[PDB]
């Protein structure tokens, strides 16, 4: 019964790709929403709690008829389209707050109702809660941000395209969220709301584009929602022979002209990881205040 049913269900909606990360052919599910997730995302999902997400294996696990009925009632496109048609919806939600949301609680109930063969009413929940926060890691392309993100070893790197041209790489651990994108525009503001820290990555060896990076950092610091954000500058690629030193970059970026902002420049090499943890400890400590 199970196999025939699951094989039939994955052919429907956008069930052939992971609901969270887009990874092809997910062999895991969250019965709770009838959604299909990859093995990596299934791990993140187990952490949410059995009440919030009931994770099962498509390969081998104990199945109940109600659980298969829930899979039929749910769906990847269904949950996506439902969430998108909600007041409380945030496309910048971290996994933790996406599942703590009222829009999630409603679909949980719709899935439960339709699996029981009941008619469901949208007309007939207090979400739980420093608090949920973002660490924005931006700079020009080729600065070494993906390298830094990977080196952190804090989790799975999730690529998202919320809009055309806009490529977002994101990592999550508990309430901390590291968001990465290239600079050099209105959807960015949504990410700024929770931003407590701004990491500006500069290629210390790219002498040509140093003024472009300075223009972009100033454009960022001019943002109203970023006012109280702590700034960490990673003067990266210090390993290179003709690279500018941290004292040179501090000048070329005009960091000493900044007032009413905790800032710190850190000379790093992202490929070796030298300076990455020292720069991060500073930020982590500033964020503790």
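Residue numbers count along the first chain shown, from 1.
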*Would you class the number of unmodelled deposited residues between residue 124 and residue 125 as none, 1 to 3, 4 to 9, or 10 or more?*
4 to 9
*Enter the number of deposited residues without atomic coordinates between residue 184 and residue 185, binned as none, 1 to 3, 4 to 9, or 10 or more.*
4 to 9
_Given 22-30 and 252-260, the range whose Cα B-factors average higher in the PDB entry_ = 252-260
*Residue range whose averaged C-alpha B-factor is higher in the record, 89-97 or 174-182*: 89-97
*Check the PDB entry and point out which of 164, 71, 136, 148 has the largest C-alpha temperature factor.*
164
*Considering only modelled residues of the same chain, in which third does the CA B-factor of residue 75 rank: lowest, middle or highest?*
middle
*Considering only modelled residues of the same chain, in which third does the CA B-factor of residue 237 rank: lowest, middle or highest?*
middle
*C-alpha B factor of residue 199, ranked within the chain: lowest, middle or highest third?*
lowest
*Of the three thirds of its chain by CA temperature factor, lowest, middle or highest, which one includes residue 212?*
middle
_Ranked against its chain, the third holding the CA B-factor of residue 4_ = middle
